[PDB]
Amino acid sequence: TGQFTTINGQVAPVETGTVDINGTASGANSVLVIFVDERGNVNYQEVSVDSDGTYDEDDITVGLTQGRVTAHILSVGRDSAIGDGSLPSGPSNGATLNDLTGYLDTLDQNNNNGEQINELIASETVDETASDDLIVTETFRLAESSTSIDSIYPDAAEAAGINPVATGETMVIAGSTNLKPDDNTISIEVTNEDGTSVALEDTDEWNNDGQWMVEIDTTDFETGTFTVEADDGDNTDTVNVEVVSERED
Amino acid sequence: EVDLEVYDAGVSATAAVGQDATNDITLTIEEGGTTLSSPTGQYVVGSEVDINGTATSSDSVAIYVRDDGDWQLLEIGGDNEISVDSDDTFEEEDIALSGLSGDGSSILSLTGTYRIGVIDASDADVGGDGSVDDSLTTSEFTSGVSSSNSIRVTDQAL
């Protein structure tokens, strides 16, 4: 059993990625996870599973290229051998998780398509009819960091995205992000017609749905046009909302 | 996990490759967390603040500032390093980040939200003389043991 934590199906920082893996691997001593992209680059790491077969390894870096990356989780079956032990370059019956890593080093060296690696990995280890080893498959698009503002509206019921807000009542702002929920944060800025900031709030928590909401009060606000700015050390999104004494309902 | 294997008395080195170990012991190896504490959250431009943090396995540490690009080195002054005591803690006196000379400080002069991180002496001029004199990129800064935290600078009003 395995799982991969994706903020939106993607990993934002290409230079330094991070994924969380957890699951149940009963009866095994170690679990290997492999990442391969469309070009054919491979990254591997072994995970020491605890006594009760509940492995949880956190903050796994990915050193691959931008694009689409498919992930596999390897687990030696009953034979405690990779499949049948028939590695193209490894010895017979001594094919362990560490032994298969040596075979992986040959895959990226040769000019092989990333799709070819999917055929090769499944065929040599799992597709063999005498193999007892099990894998799980998961994919995610490795993209760049991106943050945007989706909807701004008061405590009323609305999801279109834009809504004038009367002063004195709290208004919610909702945006999308691909960053890590805890290791990063989103800082907001609300400024008037001549660069007088009035509000500043930050959030460093959001579920794996990718949606984040920030609460700002409108107690001392003045009617007019106000600028909402959000940054995270990367490209900054700006949106403008109108402020009115009272709304129409 | 790292294991140690002992063998029976009188066994030769070459002949001990295959025979099973009489006993064993295992230990785990990780990397220590070198983090900063005081330069976090808010900073008034032109103000002075101390460098507070901890470093489990470190001898010399350097402070870098990043904003949409390279990690420009911050010239703290003497030897560009801070020693660590036995309690795995390192500290520095009150230093004005923007006041000090260097291009690293110039990023923090302008108002905005930035990032600041510390790194151990594993850089060592990314290979060369025993001195921290570079502007390590994202890959170089992340490869070694390090940690960064979000910082933003606010305007100063008397």
# chains A, B, ... in the order shown; residues from 1 in each chain; ligands from 1
$ select_by_dssp --residues "segment 100-194 of chain A" --states "alpha helix (DSSP H)" --output "ChimeraX atom specification"
/A:100-109,114-121
$ interface_residues --of "chain A" --to "chain B" --cutoff "7 Å" --atoms "only C-alpha atoms" --output "PyMOL selection string"
chain A and resi 15+233-234
$ write_last_selection --atoms "N, CA and C atoms" --output "CSV table (one decimal), in the first residue's frame"
chain,number,residue,atom,x,y,z
A,15,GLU,N,13.7,23.0,-8.9
A,15,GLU,CA,15.1,22.9,-8.4
A,15,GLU,C,15.2,22.0,-7.1
A,233,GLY,N,7.8,35.1,-2.6
A,233,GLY,CA,9.1,35.0,-3.1
A,233,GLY,C,9.2,34.7,-4.5
A,234,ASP,N,8.1,34.7,-5.3
A,234,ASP,CA,8.0,34.3,-6.7
A,234,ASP,C,7.1,35.4,-7.4
$ residues_around --residues "residue 73 of chain B" --least-positions-apart "6" --cutoff "12 Å" --atoms "only C-alpha atoms" --output "VMD selection string"
chain B and resid 61 to 66 80 to 81 97 100 to 108 116 to 119 125 132 to 137 141
$ residues_around --residues "segment 52-57 of chain B" --least-positions-apart "3" --cutoff "7 Å" --atoms "only C-alpha atoms" --output "list in words"
residues 32, 33, 34, 35, 36, 37, 38, 84, 88, 89, 90, 91 and 92 of chain B
$ residues_around --residues "segment 47-60 of chain A" --least-positions-apart "6" --cutoff "8 Å" --atoms "only C-alpha atoms" --output "ChimeraX atom specification"
/A:17-33
$ write_last_selection --atoms "C-alpha atoms" --output "compact mmCIF listing (two decimals), in the first residue's frame"
# COMPACT_ATOMS: atom_id res chain seq x y z
CA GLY A 17 11.12 19.20 -4.99
CA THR A 18 9.54 17.50 -2.01
CA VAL A 19 7.01 14.66 -1.69
CA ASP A 20 5.70 12.67 1.26
CA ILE A 21 5.26 8.89 1.08
CA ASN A 22 3.40 6.61 3.49
CA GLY A 23 1.65 3.27 3.38
CA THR A 24 1.49 -0.28 4.67
CA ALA A 25 4.15 -2.83 3.67
CA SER A 26 3.61 -5.90 5.84
CA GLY A 27 6.28 -8.60 5.82
CA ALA A 28 8.93 -6.52 4.03
CA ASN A 29 12.23 -5.20 5.36
CA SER A 30 12.82 -2.29 2.96
CA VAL A 31 10.91 -0.43 0.25
CA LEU A 32 12.40 1.24 -2.83
CA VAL A 33 10.84 4.21 -4.64
$ closest_residue --among "A:114, A:63, A:102, A:2" --to "residue 40 of chain A" --atoms "only C-alpha atoms"
A:114
$ select_by_dssp --residues "segment 16-65 of chain B" --states "strand (DSSP E or B)" --output "list in words"
residues 23, 24, 25, 26, 27, 35, 36, 41, 42, 43, 44, 48, 49, 50, 51, 52, 53, 54, 61, 62, 63, 64 and 65 of chain B
$ write_last_selection --atoms "N, CA, C and O atoms" --output "PDB file, in the first residue's frame"
ATOM      1  N   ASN B  23      27.933 -11.494  16.432  1.00  0.00           N
ATOM      2  CA  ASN B  23      26.983 -10.536  16.978  1.00  0.00           C
ATOM      3  C   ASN B  23      26.973  -9.305  16.078  1.00  0.00           C
ATOM      4  O   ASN B  23      27.714  -9.226  15.095  1.00  0.00           O
ATOM      5  N   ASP B  24      26.118  -8.342  16.418  1.00  0.00           N
ATOM      6  CA  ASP B  24      25.977  -7.143  15.606  1.00  0.00           C
ATOM      7  C   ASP B  24      25.419  -6.008  16.451  1.00  0.00           C
ATOM      8  O   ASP B  24      24.886  -6.220  17.543  1.00  0.00           O
ATOM      9  N   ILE B  25      25.565  -4.792  15.928  1.00  0.00           N
ATOM     10  CA  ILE B  25      25.000  -3.592  16.536  1.00  0.00           C
ATOM     11  C   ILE B  25      24.752  -2.583  15.423  1.00  0.00           C
ATOM     12  O   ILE B  25      25.535  -2.483  14.475  1.00  0.00           O
ATOM     13  N   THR B  26      23.649  -1.843  15.529  1.00  0.00           N
ATOM     14  CA  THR B  26      23.232  -0.936  14.470  1.00  0.00           C
ATOM     15  C   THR B  26      23.037   0.470  15.015  1.00  0.00           C
ATOM     16  O   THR B  26      22.581   0.651  16.147  1.00  0.00           O
ATOM     17  N   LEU B  27      23.384   1.463  14.196  1.00  0.00           N
ATOM     18  CA  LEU B  27      23.187   2.864  14.530  1.00  0.00           C
ATOM     19  C   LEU B  27      22.664   3.594  13.301  1.00  0.00           C
ATOM     20  O   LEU B  27      22.859   3.157  12.165  1.00  0.00           O
ATOM     21  N   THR B  35      19.556  25.890  12.056  1.00  0.00           N
ATOM     22  CA  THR B  35      18.469  26.826  11.814  1.00  0.00           C
ATOM     23  C   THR B  35      18.748  28.162  12.492  1.00  0.00           C
ATOM     24  O   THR B  35      19.532  28.252  13.439  1.00  0.00           O
ATOM     25  N   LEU B  36      18.099  29.202  11.976  1.00  0.00           N
ATOM     26  CA  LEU B  36      18.157  30.544  12.537  1.00  0.00           C
ATOM     27  C   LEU B  36      16.874  30.844  13.299  1.00  0.00           C
ATOM     28  O   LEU B  36      15.802  30.331  12.971  1.00  0.00           O
ATOM     29  N   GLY B  41      10.458  36.816  10.636  1.00  0.00           N
ATOM     30  CA  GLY B  41       9.193  37.511  10.775  1.00  0.00           C
ATOM     31  C   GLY B  41       9.197  38.944  10.287  1.00  0.00           C
ATOM     32  O   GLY B  41       8.624  39.246   9.236  1.00  0.00           O
ATOM     33  N   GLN B  42       9.837  39.838  11.037  1.00  0.00           N
ATOM     34  CA  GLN B  42       9.833  41.257  10.717  1.00  0.00           C
ATOM     35  C   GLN B  42      11.232  41.825  10.885  1.00  0.00           C
ATOM     36  O   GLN B  42      12.046  41.299  11.647  1.00  0.00           O
ATOM     37  N   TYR B  43      11.502  42.911  10.163  1.00  0.00           N
ATOM     38  CA  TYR B  43      12.786  43.597  10.266  1.00  0.00           C
ATOM     39  C   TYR B  43      12.605  45.029   9.790  1.00  0.00           C
ATOM     40  O   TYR B  43      12.166  45.251   8.657  1.00  0.00           O
ATOM     41  N   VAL B  44      12.936  45.990  10.642  1.00  0.00           N
ATOM     42  CA  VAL B  44      12.899  47.397  10.262  1.00  0.00           C
ATOM     43  C   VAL B  44      14.155  47.723   9.470  1.00  0.00           C
ATOM     44  O   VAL B  44      15.272  47.401   9.894  1.00  0.00           O
ATOM     45  N   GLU B  48      19.424  47.233  13.636  1.00  0.00           N
ATOM     46  CA  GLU B  48      20.421  46.232  13.986  1.00  0.00           C
ATOM     47  C   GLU B  48      19.771  45.115  14.791  1.00  0.00           C
ATOM     48  O   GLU B  48      18.892  45.365  15.621  1.00  0.00           O
ATOM     49  N   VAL B  49      20.201  43.881  14.531  1.00  0.00           N
ATOM     50  CA  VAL B  49      19.639  42.706  15.183  1.00  0.00           C
ATOM     51  C   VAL B  49      20.738  41.663  15.308  1.00  0.00           C
ATOM     52  O   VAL B  49      21.699  41.652  14.534  1.00  0.00           O
ATOM     53  N   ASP B  50      20.603  40.795  16.304  1.00  0.00           N
ATOM     54  CA  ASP B  50      21.568  39.728  16.523  1.00  0.00           C
ATOM     55  C   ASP B  50      21.237  38.502  15.674  1.00  0.00           C
ATOM     56  O   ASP B  50      20.122  38.339  15.175  1.00  0.00           O
ATOM     57  N   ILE B  51      22.236  37.643  15.511  1.00  0.00           N
ATOM     58  CA  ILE B  51      22.096  36.389  14.782  1.00  0.00           C
ATOM     59  C   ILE B  51      21.982  35.277  15.815  1.00  0.00           C
ATOM     60  O   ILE B  51      22.942  34.981  16.532  1.00  0.00           O
ATOM     61  N   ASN B  52      20.811  34.655  15.893  1.00  0.00           N
ATOM     62  CA  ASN B  52      20.527  33.632  16.889  1.00  0.00           C
ATOM     63  C   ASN B  52      20.108  32.349  16.187  1.00  0.00           C
ATOM     64  O   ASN B  52      19.269  32.378  15.281  1.00  0.00           O
ATOM     65  N   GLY B  53      20.694  31.234  16.603  1.00  0.00           N
ATOM     66  CA  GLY B  53      20.374  29.960  15.991  1.00  0.00           C
ATOM     67  C   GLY B  53      21.168  28.844  16.627  1.00  0.00           C
ATOM     68  O   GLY B  53      21.896  29.047  17.600  1.00  0.00           O
ATOM     69  N   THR B  54      21.019  27.653  16.053  1.00  0.00           N
ATOM     70  CA  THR B  54      21.692  26.456  16.538  1.00  0.00           C
ATOM     71  C   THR B  54      22.289  25.689  15.367  1.00  0.00           C
ATOM     72  O   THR B  54      21.827  25.804  14.229  1.00  0.00           O
ATOM     73  N   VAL B  61      29.782  29.005   9.924  1.00  0.00           N
ATOM     74  CA  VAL B  61      28.475  29.186   9.310  1.00  0.00           C
ATOM     75  C   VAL B  61      28.431  30.538   8.614  1.00  0.00           C
ATOM     76  O   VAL B  61      29.058  31.506   9.053  1.00  0.00           O
ATOM     77  N   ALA B  62      27.680  30.597   7.518  1.00  0.00           N
ATOM     78  CA  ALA B  62      27.534  31.812   6.732  1.00  0.00           C
ATOM     79  C   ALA B  62      26.057  32.093   6.503  1.00  0.00           C
ATOM     80  O   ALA B  62      25.228  31.180   6.494  1.00  0.00           O
ATOM     81  N   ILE B  63      25.737  33.371   6.312  1.00  0.00           N
ATOM     82  CA  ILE B  63      24.363  33.834   6.146  1.00  0.00           C
ATOM     83  C   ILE B  63      24.202  34.363   4.729  1.00  0.00           C
ATOM     84  O   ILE B  63      25.014  35.171   4.266  1.00  0.00           O
ATOM     85  N   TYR B  64      23.157  33.904   4.044  1.00  0.00           N
ATOM     86  CA  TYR B  64      22.896  34.279   2.665  1.00  0.00           C
ATOM     87  C   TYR B  64      21.481  34.821   2.537  1.00  0.00           C
ATOM     88  O   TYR B  64      20.586  34.456   3.305  1.00  0.00           O
ATOM     89  N   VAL B  65      21.287  35.697   1.554  1.00  0.00           N
ATOM     90  CA  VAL B  65      19.997  36.320   1.280  1.00  0.00           C
ATOM     91  C   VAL B  65      19.652  36.077  -0.181  1.00  0.00           C
ATOM     92  O   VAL B  65      20.501  36.252  -1.061  1.00  0.00           O
TER      93      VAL B  65
END
$ residues_around --residues "residue 240 of chain A" --least-positions-apart "4" --cutoff "9 Å" --atoms "only C-alpha atoms" --output "VMD selection string"
chain A and resid 225 to 229
$ atom_distance --atom1 "atom CA of residue 143 of chain A" --atom2 "atom CA of residue 103 of chain A"
28.0 Å
$ residues_around --residues "residue 106 of chain A" --least-positions-apart "6" --cutoff "12 Å" --atoms "only C-alpha atoms" --output "PyMOL selection string"
chain A and resi 40-42+87-90+100+112+117
$ write_last_selection --atoms "N, CA and C atoms" --output "PDB file, in the first residue's frame"
ATOM      1  N   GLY A  40      13.988  10.331 -19.321  1.00  0.00           N
ATOM      2  CA  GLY A  40      14.551   9.054 -18.929  1.00  0.00           C
ATOM      3  C   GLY A  40      15.466   9.115 -17.720  1.00  0.00           C
ATOM      4  N   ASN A  41      15.517  10.261 -17.040  1.00  0.00           N
ATOM      5  CA  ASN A  41      16.344  10.371 -15.844  1.00  0.00           C
ATOM      6  C   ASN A  41      15.684   9.631 -14.691  1.00  0.00           C
ATOM      7  N   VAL A  42      16.499   9.008 -13.844  1.00  0.00           N
ATOM      8  CA  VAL A  42      15.989   8.165 -12.771  1.00  0.00           C
ATOM      9  C   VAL A  42      16.591   8.618 -11.448  1.00  0.00           C
ATOM     10  N   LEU A  87      18.431 -10.198 -13.516  1.00  0.00           N
ATOM     11  CA  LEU A  87      18.851  -8.860 -13.909  1.00  0.00           C
ATOM     12  C   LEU A  87      19.677  -8.932 -15.192  1.00  0.00           C
ATOM     13  N   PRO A  88      19.499  -7.986 -16.117  1.00  0.00           N
ATOM     14  CA  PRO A  88      20.323  -8.005 -17.338  1.00  0.00           C
ATOM     15  C   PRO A  88      21.812  -7.876 -17.065  1.00  0.00           C
ATOM     16  N   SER A  89      22.200  -7.154 -16.014  1.00  0.00           N
ATOM     17  CA  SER A  89      23.601  -6.971 -15.667  1.00  0.00           C
ATOM     18  C   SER A  89      23.971  -7.479 -14.281  1.00  0.00           C
ATOM     19  N   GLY A  90      22.998  -7.827 -13.440  1.00  0.00           N
ATOM     20  CA  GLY A  90      23.280  -8.298 -12.109  1.00  0.00           C
ATOM     21  C   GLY A  90      23.402  -9.804 -12.024  1.00  0.00           C
ATOM     22  N   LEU A 100      19.291  -3.850  -7.618  1.00  0.00           N
ATOM     23  CA  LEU A 100      18.527  -3.251  -8.706  1.00  0.00           C
ATOM     24  C   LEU A 100      18.918  -1.796  -8.935  1.00  0.00           C
ATOM     25  N   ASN A 112      17.793   6.468 -23.553  1.00  0.00           N
ATOM     26  CA  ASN A 112      16.522   5.758 -23.555  1.00  0.00           C
ATOM     27  C   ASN A 112      15.380   6.728 -23.292  1.00  0.00           C
ATOM     28  N   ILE A 117      11.562   3.321 -20.349  1.00  0.00           N
ATOM     29  CA  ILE A 117      11.880   2.893 -18.990  1.00  0.00           C
ATOM     30  C   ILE A 117      10.657   2.291 -18.310  1.00  0.00           C
TER      31      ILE A 117
END
